[PDB]
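J.: Let me give you the structure first, and then I'll get to my questions.
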Amino acid sequence: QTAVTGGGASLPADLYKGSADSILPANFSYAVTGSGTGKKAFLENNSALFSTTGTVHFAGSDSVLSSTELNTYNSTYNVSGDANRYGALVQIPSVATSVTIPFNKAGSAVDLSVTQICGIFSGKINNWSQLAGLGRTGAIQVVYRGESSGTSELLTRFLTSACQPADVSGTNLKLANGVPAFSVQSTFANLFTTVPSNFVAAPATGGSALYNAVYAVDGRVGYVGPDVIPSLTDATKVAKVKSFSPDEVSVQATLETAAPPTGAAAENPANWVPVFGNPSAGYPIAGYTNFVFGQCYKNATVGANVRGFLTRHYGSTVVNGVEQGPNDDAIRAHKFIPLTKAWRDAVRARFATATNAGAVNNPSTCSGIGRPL
């Protein structure tokens, strides 16, 4: 009977549950809501947001925990001396992912420069004829996620980092340094003083509904994680960016540029999710999608089930002479990027190994405390 209740981000949802190769155990549930609702469900321990009851045990999110979220959590659920505290939370990367740019406009292969992508998503470029050489004409309608979304956060972090003032001049983006500028937003509409009229919210929650909305009306463009894309390589339907298809992220220029935190750095959940807004090589729109767990569970079987999952997902095996995580074949089959060995080792050592003071249901740290039965 023991249930492990979660949900959140749509981007990794099919890797996690519902496919023949999905990686969460059978007793883990995963209600797809988008990352913002997932974080709220965990942080406020509110399973109604996952259409169920009881304690929320985890969330998936491709939106990082904010400073305010962490401080509110600590001061509510991890109070010094409080016998009723839940304890610390755990934020860890799960896989890395690109963000893809599906579009619905017949013609030749499309390769967008940084300037052009910035122009489309700011509203500056609003007609296909304004994209030189693409052989296309007509209004561009941009489909975006109405709910708080990790995919939105990943895309807007890239746009904030890469777009120059001249790329977004003459738009409704909120000002920075006196000029329109992208900012990091999990609620995409919050980029703007007023949303331009050629931007439309997807008609249902989740990236797959956004994807289908792109193909419902000629001339649309959107943004979505790669798993739902039927073909990442068909540049007549999924744009290249800077000459790269979305399966050409440079692991060297992204994941390998940050090592796992240690010591007090490892006690701070924010340090477990590096961000790479402007990679020096390769397909440039990429980041981590993450889990949020409790460190401590009053239900010992939930704690054991979480540790067991972590031991597999962050494990290490040598297959055909090549080291990999145990789930890496499924990760790649879902069009995602496995974590590097250093990160898997660090997560496994700290969070999955019960004798470690930082581990899920470590007897010393978690003694008498935890998320409720």
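Chain lettering (A, B, ...) mirrors the order of the structure tokens, residue numbering begins at 1 for each chain separately, and ligand numbering begins at 1 in order of display.
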List every residue of region 111-282 of chain A that DSSP, applied to the backbone, labels as alpha helix (DSSP H), and write the result as a ChimeraX atom specification.
T.: /A:114-122,150-162,165-168,207-214,264-267
J.: Can you list, as a VMD selection string, every protein, DNA or RNA residue that comes within 9 Å of residue 345 (chain A) when you count only C-alpha atoms, leaving out same-chain residues fewer than 3 positions away?
T.: chain A and resid 314 to 316 340 to 342 348 to 350
J.: Could you tell me how far CA of residue 312 (chain A) lies from CA of residue 353 (chain A), in Å and to one decimal?
T.: 11.7 Å
J.: Of the residues A:54, A:133, A:325, A:246, which is the one nearest to residue 2 (chain A), using only C-alpha atoms?
T.: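 Under the stated criterion, the closest residue is A:54.
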J.: DSSP on the backbone: which residues in region 86-147 of chain A end up as strand (DSSP E)? Give the answer as a PyMOL selection string.
T.: chain A and resi 89-98+111-112+141-144
J.: Under the rule that only C-alpha atoms are counted, which of A:346, A:371, A:150, A:107 is the nearest residue to residue 9 (chain A)?
T.: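 Checking each candidate against residue 9 (chain A), we get A:150 as the closest.
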J.: Quick one: everything within 12 Å of residue 327 (chain A), counting only C-alpha atoms, minus sequence neighbours fewer than 2 positions away in the same chain. Send it as an MDAnalysis selection string.
T.: chainID A and resid 15:16 21:24 94:95 309:317 319 323:325 329:334 336:339 344
J.: Hey, what's within 9 Å of residue 7 (chain A) if we count only C-alpha atoms and toss same-chain stuff fewer than 5 positions away? As a PyMOL selection string, please?
T.: chain A and resi 13+29-35+37-38+41+49-50+56+58-61
J.: Tell me which protein, DNA and RNA residues are within 7 Å of residue 202 (chain A), counting only C-alpha atoms, leaving out same-chain ones fewer than 3 positions away, and put them as a PyMOL selection string.
T.: chain A and resi 143-146+209-210+213
J.: Store the residues picked out above in a file with C-alpha atoms, as a PDB file, in the first residue's frame.
T.:
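This is the output file result_35.pdb:
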ATOM      1  CA  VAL A 143       2.427  30.028 -28.057  1.00  0.00           C
ATOM      2  CA  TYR A 144       3.593  30.265 -24.442  1.00  0.00           C
ATOM      3  CA  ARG A 145       2.856  28.491 -21.154  1.00  0.00           C
ATOM      4  CA  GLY A 146       0.231  30.315 -19.109  1.00  0.00           C
ATOM      5  CA  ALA A 209      -0.549  20.707 -25.063  1.00  0.00           C
ATOM      6  CA  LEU A 210       1.611  23.682 -26.094  1.00  0.00           C
ATOM      7  CA  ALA A 213      -1.308  24.087 -30.134  1.00  0.00           C
TER       8      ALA A 213
END
J.: Just the residues within 9 Å of residue 244 (chain A), please, counting only C-alpha atoms, with nothing from its chain fewer than 3 positions along; format it as a PyMOL selection string.
T.: chain A and resi 111+239-241+247-249+282-284
J.: Suppose we keep C-alpha atoms; can you now write the selection as a PDB file, in the first residue's frame?
T.:
ATOM      1  CA  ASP A 111      18.271  27.954 -38.611  1.00  0.00           C
ATOM      2  CA  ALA A 239      14.399  25.256 -35.557  1.00  0.00           C
ATOM      3  CA  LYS A 240      18.135  25.013 -35.346  1.00  0.00           C
ATOM      4  CA  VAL A 241      19.660  27.727 -33.147  1.00  0.00           C
ATOM      5  CA  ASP A 247      20.294  17.266 -29.741  1.00  0.00           C
ATOM      6  CA  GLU A 248      23.665  19.071 -30.072  1.00  0.00           C
ATOM      7  CA  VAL A 249      24.097  20.502 -26.567  1.00  0.00           C
ATOM      8  CA  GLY A 282      26.816  23.879 -28.873  1.00  0.00           C
ATOM      9  CA  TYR A 283      23.056  24.226 -28.845  1.00  0.00           C
ATOM     10  CA  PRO A 284      22.645  27.092 -26.381  1.00  0.00           C
TER      11      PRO A 284
END
